[PDB]
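Take a look at the structure set out below.
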Amino acid sequence: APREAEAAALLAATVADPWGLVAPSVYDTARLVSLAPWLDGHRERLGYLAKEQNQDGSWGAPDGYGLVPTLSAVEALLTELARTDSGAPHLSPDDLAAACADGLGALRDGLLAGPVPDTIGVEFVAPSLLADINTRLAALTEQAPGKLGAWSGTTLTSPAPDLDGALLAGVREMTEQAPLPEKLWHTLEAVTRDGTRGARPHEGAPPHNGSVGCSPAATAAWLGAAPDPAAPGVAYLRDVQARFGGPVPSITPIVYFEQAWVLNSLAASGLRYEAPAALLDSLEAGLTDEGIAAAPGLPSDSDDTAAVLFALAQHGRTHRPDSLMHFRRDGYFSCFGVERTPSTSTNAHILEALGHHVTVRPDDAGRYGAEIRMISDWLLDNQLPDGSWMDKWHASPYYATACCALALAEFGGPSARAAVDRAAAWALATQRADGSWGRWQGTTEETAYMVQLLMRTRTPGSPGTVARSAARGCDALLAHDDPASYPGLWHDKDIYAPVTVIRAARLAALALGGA
């Protein structure tokens with residue numbers, strides 16, 4: 001019961017947060033510096049950019065995850081250096097120029113030619129920023145501060161197909177005559193620095209009226225260079241930056257995503273608690289015949305829809321999951337209506353919503369029974385030779401593997417048990433020496449996923465290694481927990497950290513581990 005109290009405190013904190021919690025990252029913080037110098041916290045955002053720069057000149061994570069945020073930071077710094085000051089600077093033109101030049105070096109020396117991860121909207125965001133950087137470079141003179149003058153007239157290029165710019169040009173031309181698709185409102189700033197393009201600010205429920213695609217950057221682009229100070233979008237930008245003292249996340253709010261993920265983690269934990277009615281009411285109000293999004297102001301998607309249906313049904317509010325049928329395709333389910341790459345985690349979550357439904361409403365077993373077993377087919381067929389899965393929405397194989405193995409363990413039937421064991425084997429094989437797991441380092445989030453996987457799929461027949469591994473995982477979680485520094489691993493513009501989501505995952509792990 002110490003963790004019962006923790007569960008109740010987590011639920012209460014979630015109720016009291018109608019935004020959800022996403023930590024700031026470099027991408028949108030830089031976008032606001034470039035697009036919204038009028039906004040409070042501008043100097044703080046410049047400070048954040050200076051502080052967050054890596055010693056190799058880049059910003060962000062390894063393996064090419066530095067490309068988008070470095071582009072954003074460099075463009076913002078060039079834009080700032082070319083303008084008059086918003087207020088008395090704490091960082092001199094020389095300080096900013098040093099950061100900028102080192103960012104240019106990192107772009108030229110490896111990032112532009114390196115891997116390009118499939119972050120969201122990268123085919124728009126990356127060429128957009130590269131073109132603005134080149135424009136700024138052409139305008140530099142040799143009297144630019146520091147070594148930045150030496151960069152005057154440089155043209156940066158990239159061999160990467162995603163940086164080509166042809167698709168961006170097409171969408172820019174199209175949006176002179178037709179509205180930007182709803183799913184791209186989140187990336188409006190790539191299309192235009194100042195314009196609307198048929199994107200519509202959220203109107204209706206607080207707390208984010210005026211936001212465009214739940215993106216601070218897109219909202220800045222929509223409002224333009226000199227917005228009306230009474231505009232709702234201005235209040236959204238003010239609120240978001242104030243929450244963190246200047247820096248901003250790339251997606252906010254995430255309320256429905258957070259509510260469902262928190263509730264599903266707690267349901268999995270085995271802890272006793274009462275779900276506050278306010279969470280279940282929020283989710284029900286948001287759910288429609290077309291499903292639900294991560295938050296109001298975004299288009300519906302099947303991952304969020306499936307998670308929300310599962311969360312509601314596990315807490316006594318069962319709804320027929322018919323909204324998921326819109327996303328049925330040949331052999332699997334899509335996440336959005338139109339997509340190039342399927343999501344493994346989405347199909348896992350759909351398997352849970354459907355499987356759980358037919359369990360709790362046995363009369364509907366014929367309605368979804370087939371879909372359940374074909375998603376089973378597909379998840380099994382998409383497991384990698386080493387026992388892991390990967391997913392389009394997340395940088396970590398620990399997320400994807402936990403999602404798929406846990407869905408298959410509970411709803412895949414005995415044909416799927418071999419795959420689950422291969423996933424647990426992969427978990428044992430990938431554990432770090434200190435008991436943690438993670439892609440680039442041991443993390444709370446990734447460790448939590450593996451502890452859950454191992455505990456929830458344990459059988460009487462499981463070797464002793466399973467319990468000891470999960471125990472060492474729990475030891476790692478107990479040894480260090482710093483939510484303020486949880487790394488961002490979820491794909492958006494760069495990669496973001498849904499902090500409360502991670503805290504809920506940690507709680508579930510520790511409860512299941514008996515820590």
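Letters A, B, ... mark the chains of the structure tokens in the order given; residue numbers begin at 1 per chain; ligand numbers begin at 1, in order shown.
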**Request:** Within 10 Å of residue 118 in chain A, counting only C-alpha atoms, which residues show up once you throw out same-chain ones fewer than 2 positions away? Write them as a PyMOL selection string, please.
**Result:** chain A and resi 64-65+115-116+120-123+162+392-395+491-494
**Spatial neighbours of range 379-381 of chain A, max dist 10 Å, only C-alpha atoms, sep filter under 3 positions, as a list in words** = residues 332, 343, 344, 345, 347, 348, 351, 373, 374, 375, 376, 384, 389, 404, 405, 407, 408, 412, 415, 416, 417, 418, 419 and 420 of chain A
**Asked** Leaving out range 207-219 of chain A and any residue of its chain fewer than 4 positions from it, which residues lie within 10 Å of it when counting only C-alpha atoms, given as a PyMOL selection string?
**Response** chain A and resi 17-19+27-36+182-196+199-203+223-224+231-241+248-254+294-299+493
Same residues, C-alpha atoms, output as a compact mmCIF listing (two decimals), in the first residue's frame:
```txt
# COMPACT_ATOMS: atom_id res chain seq x y z
CA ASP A 17 -3.43 18.84 -15.19
CA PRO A 18 -5.76 19.49 -18.14
CA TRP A 19 -2.75 19.91 -20.46
CA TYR A 27 12.91 22.12 -31.74
CA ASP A 28 9.93 24.31 -30.75
CA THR A 29 11.95 26.41 -28.34
CA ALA A 30 14.10 27.42 -31.32
CA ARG A 31 11.00 27.87 -33.52
CA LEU A 32 9.65 30.42 -31.00
CA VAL A 33 12.95 32.28 -30.95
CA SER A 34 12.79 32.51 -34.73
CA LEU A 35 9.06 33.17 -35.21
CA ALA A 36 7.87 34.83 -31.98
CA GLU A 182 -5.58 18.48 -40.60
CA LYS A 183 -2.75 16.09 -39.68
CA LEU A 184 -0.23 18.63 -41.04
CA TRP A 185 -1.55 21.61 -39.05
CA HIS A 186 0.92 20.52 -36.37
CA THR A 187 3.70 21.32 -38.91
CA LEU A 188 2.31 24.58 -40.31
CA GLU A 189 5.59 26.47 -39.58
CA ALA A 190 7.39 24.34 -42.15
CA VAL A 191 4.90 25.43 -44.78
CA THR A 192 5.02 29.12 -43.87
CA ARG A 193 6.65 31.37 -41.29
CA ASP A 194 3.61 33.64 -41.30
CA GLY A 195 0.30 32.43 -42.70
CA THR A 196 -2.75 30.27 -42.07
CA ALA A 199 -5.29 25.53 -40.54
CA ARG A 200 -7.89 26.28 -37.89
CA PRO A 201 -7.10 27.14 -34.29
CA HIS A 202 -8.72 25.04 -31.62
CA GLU A 203 -11.97 26.68 -30.48
CA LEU A 223 -0.50 34.27 -35.67
CA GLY A 224 2.18 35.94 -37.74
CA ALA A 231 -5.83 36.54 -29.71
CA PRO A 232 -6.47 33.22 -27.98
CA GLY A 233 -3.35 31.83 -29.68
CA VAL A 234 -1.31 34.45 -27.88
CA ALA A 235 -2.68 33.24 -24.53
CA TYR A 236 -1.81 29.64 -25.44
CA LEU A 237 1.81 30.60 -26.27
CA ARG A 238 2.05 32.68 -23.07
CA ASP A 239 0.67 29.85 -20.93
CA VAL A 240 2.90 27.21 -22.44
CA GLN A 241 6.16 29.15 -22.11
CA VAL A 248 8.44 24.83 -24.74
CA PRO A 249 7.51 21.28 -25.79
CA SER A 250 6.66 20.48 -29.45
CA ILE A 251 3.21 19.08 -28.59
CA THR A 252 0.83 20.40 -25.93
CA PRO A 253 -1.76 19.52 -24.72
CA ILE A 254 -1.60 15.72 -24.85
CA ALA A 294 -4.18 12.72 -28.47
CA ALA A 295 -5.92 16.01 -27.61
CA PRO A 296 -8.64 18.31 -28.91
CA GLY A 297 -7.43 20.15 -32.05
CA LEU A 298 -5.72 17.11 -33.60
CA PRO A 299 -7.20 14.52 -36.02
CA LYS A 493 9.33 17.24 -34.51
```
Contacts of range 33-75 of chain A with range 430-446 of chain A up to 10 Å, shortest pair per row, only C-alpha atoms, as CSV:
```
residue,atom,partner,partner_atom,distance
A:61,CA,A:440,CA,8.5
A:62,CA,A:440,CA,7.9
A:63,CA,A:440,CA,9.6
```
**Request:** Give the strand (DSSP E or B) residues of range 94-304 of chain A, as assigned by DSSP on the backbone, as a PyMOL selection string.
**Result:** chain A and resi 212+215+288+291-292+301
Limited to N, CA and C atoms, could you put the picked residues into a file as a JSON list (two decimals), in the first residue's frame?
```json
[["chain", "number", "residue", "atom", "x", "y", "z"],
["A", 212, "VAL", "N", -2.82, 25.78, -32.69],
["A", 212, "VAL", "CA", -2.94, 25.22, -34.03],
["A", 212, "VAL", "C", -2.24, 23.87, -34.03],
["A", 215, "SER", "N", 0.57, 22.69, -31.41],
["A", 215, "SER", "CA", 1.97, 23.00, -31.62],
["A", 215, "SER", "C", 2.23, 24.46, -31.31],
["A", 288, "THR", "N", -15.67, 10.02, -30.09],
["A", 288, "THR", "CA", -16.76, 10.15, -31.04],
["A", 288, "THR", "C", -16.82, 8.90, -31.90],
["A", 291, "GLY", "N", -13.63, 8.19, -33.47],
["A", 291, "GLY", "CA", -12.54, 7.94, -32.53],
["A", 291, "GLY", "C", -12.17, 9.19, -31.76],
["A", 292, "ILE", "N", -10.88, 9.31, -31.44],
["A", 292, "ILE", "CA", -10.38, 10.39, -30.59],
["A", 292, "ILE", "C", -8.90, 10.60, -30.98],
["A", 301, "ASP", "N", -6.97, 9.29, -34.36],
["A", 301, "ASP", "CA", -6.11, 8.22, -34.80],
["A", 301, "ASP", "C", -6.44, 6.97, -34.05]]
```
**Asked** Rounded to one decimal in Å, what is the spacing between CA of residue 321 in chain A and CA of residue 22 in chain A?
**Response**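 A separation of 28.1 Å between them.
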**Asked** Restricting the calculation to only C-alpha atoms, which member of A:177, A:158, A:245, A:377 is positioned closest to residue 40 in chain A?
**Response**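 Residue with the minimum atom-to-atom distance to residue 40 in chain A: A:245.
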**Request:** Using only C-alpha atoms, determine which residues lie at most 6 Å from residue 179 in chain A, disregarding the query and same-chain residues fewer than 2 positions distant; provide the list as a PyMOL selection string.
**Result:** chain A and resi 175+197-198
Could you save the residues just selected, with C-alpha atoms, as a short mmCIF file (atom, residue, chain, number, x, y, z; two decimals), in the first residue's frame?
```cif
data_model
loop_
_atom_site.label_atom_id
_atom_site.label_comp_id
_atom_site.auth_asym_id
_atom_site.auth_seq_id
_atom_site.Cartn_x
_atom_site.Cartn_y
_atom_site.Cartn_z
CA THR A 175 -2.21 25.34 -50.00
CA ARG A 197 -3.09 27.92 -45.06
CA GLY A 198 -6.51 26.64 -43.96
#
```
**Message:** Just checking: using only C-alpha atoms, which residue out of A:309, A:512, A:423, A:67 ends up closest to residue 357 in chain A?
**Reply:**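 Closest candidate: A:309.
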**Request:** Quote the spacing between CA of residue 286 in chain A and CA of residue 269 in chain A in Å to one decimal place.
**Result:**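 Going from CA of residue 286 in chain A over to CA of residue 269 in chain A covers 25.2 Å.
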**Message:** For a test of reading the model, state the distance in Å between CA of residue 387 in chain A and CA of residue 426 in chain A, rounded to one decimal.
**Reply:**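 Computed distance, CA of residue 387 in chain A to CA of residue 426 in chain A, equals 5.7 Å.
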**Request:** Using only C-alpha atoms, determine which residues lie at most 10 Å from residue 371 in chain A, disregarding the query and same-chain residues fewer than 6 positions distant; provide the list as a PyMOL selection string.
**Result:** chain A and resi 325+328+331-333+350-351+354-355+377
**Message:** Taking the DSSP secondary structure from the backbone, can you list the residues of range 35-188 of chain A that are alpha helix (DSSP H), as a VMD selection string?
**Reply:** chain A and resid 35 42 to 52 67 to 81 93 to 106 122 to 139 166 to 174 188
**Residue among A:498, A:229, A:514, A:276 lying closest to residue 11 in chain A, counting only C-alpha atoms** =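 Among the listed residues, the smallest separation from residue 11 in chain A belongs to A:276.
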